[PDB]
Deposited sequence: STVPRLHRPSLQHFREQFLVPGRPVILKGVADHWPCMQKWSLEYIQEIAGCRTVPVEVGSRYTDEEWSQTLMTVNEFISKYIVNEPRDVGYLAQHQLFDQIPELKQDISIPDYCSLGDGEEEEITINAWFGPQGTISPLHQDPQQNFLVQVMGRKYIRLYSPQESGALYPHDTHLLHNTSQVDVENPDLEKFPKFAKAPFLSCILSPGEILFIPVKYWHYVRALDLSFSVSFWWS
């Protein structure tokens, strides 16, 4: 079934119904009017960040290039590979971009410091795919440009997701979510999940260790906040 959408819930409501029990939710009316939502065109991104060097994941491999090169090679021209400017602390690198976002007030319910919140950018063409994986902190994933298809599996379902047994990949499923090998991973078919299409201005709360899988449906720009 679908992830529920709530408009600006109170801190106490979010705390009691979603944060403490660990249940996903989409927050509406929270990041709606952040400046990024109007300002961040390709042209703007090129104007403010075009010359800066960013890590880019291709395919698999990790390379470096300028924002301008990334846009030219992987977005506007018929790309030859899938390239993704993934999990990069762009706003520490380019503080002028911090003015276009905020830290959600709900982060202040956590047991951590705001100085410890990790803000990552996720910028890429249609077709970028995460593997199904879990992270060790809470997350608000803020959609700014385009749409993402996201599937969520509780940590209670980890057995049916066949994590990699290599310690470096223990947080990642062996299963291709959208075309699963059920002859090898038969328990995956039975595992209940939530899903959504996350659209611009929406925030997805992914509870700590919730398994998530993400596919960009369009040219996409997302900002995640990892917090505790």
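In this entry, the deposited residues absent from the coordinate set occupy a single span, 60-66.
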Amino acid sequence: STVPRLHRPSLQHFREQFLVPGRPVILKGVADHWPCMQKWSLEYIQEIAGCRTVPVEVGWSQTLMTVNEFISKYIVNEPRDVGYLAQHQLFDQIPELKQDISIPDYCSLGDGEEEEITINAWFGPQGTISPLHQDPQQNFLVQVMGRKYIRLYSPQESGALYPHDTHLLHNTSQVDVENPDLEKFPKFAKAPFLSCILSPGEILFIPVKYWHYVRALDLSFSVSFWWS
From here on, numbers count along this sequence of modelled residues.
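Basically, rigid core = biggest C-alpha set you can superpose within 1.5 Å across the two forms.
Here the rigid core sets the fit, and in 5 other deposited structures of this protein the C-alphas of 73-81 stray farther than those of the other stretch, out of 73-81 and 86-94. For the two regions 98-106 and 81-89, the entry's Cα B-factors average higher over 98-106.
The deposited model assigns a higher average Cα B-factor to 163-171 than to the other stretch when 28-36 and 163-171 are compared.
Take 128, 120, 156, 137 and read off each C-alpha B-factor from the entry; 156 has the highest. Highest C-alpha temperature factor among 46, 199, 195, 66 per the entry: 46. For residue 212, the recorded CA B-factor ranks within the lowest third of the chain. Only modelled residues enter the ranking. Sort the chain's modelled residues by C-alpha temperature factor and residue 76 lands in the highest third, per the entry. Ranked within its chain, residue 191 lands in the middle third, by CA B factor from the PDB record. In this PDB entry, the Cα temperature factor of residue 17 sits in the middle third of its chain's modelled residues. Among all modelled residues in its chain, residue 177 ranks in the lowest third by Cα B-factor.
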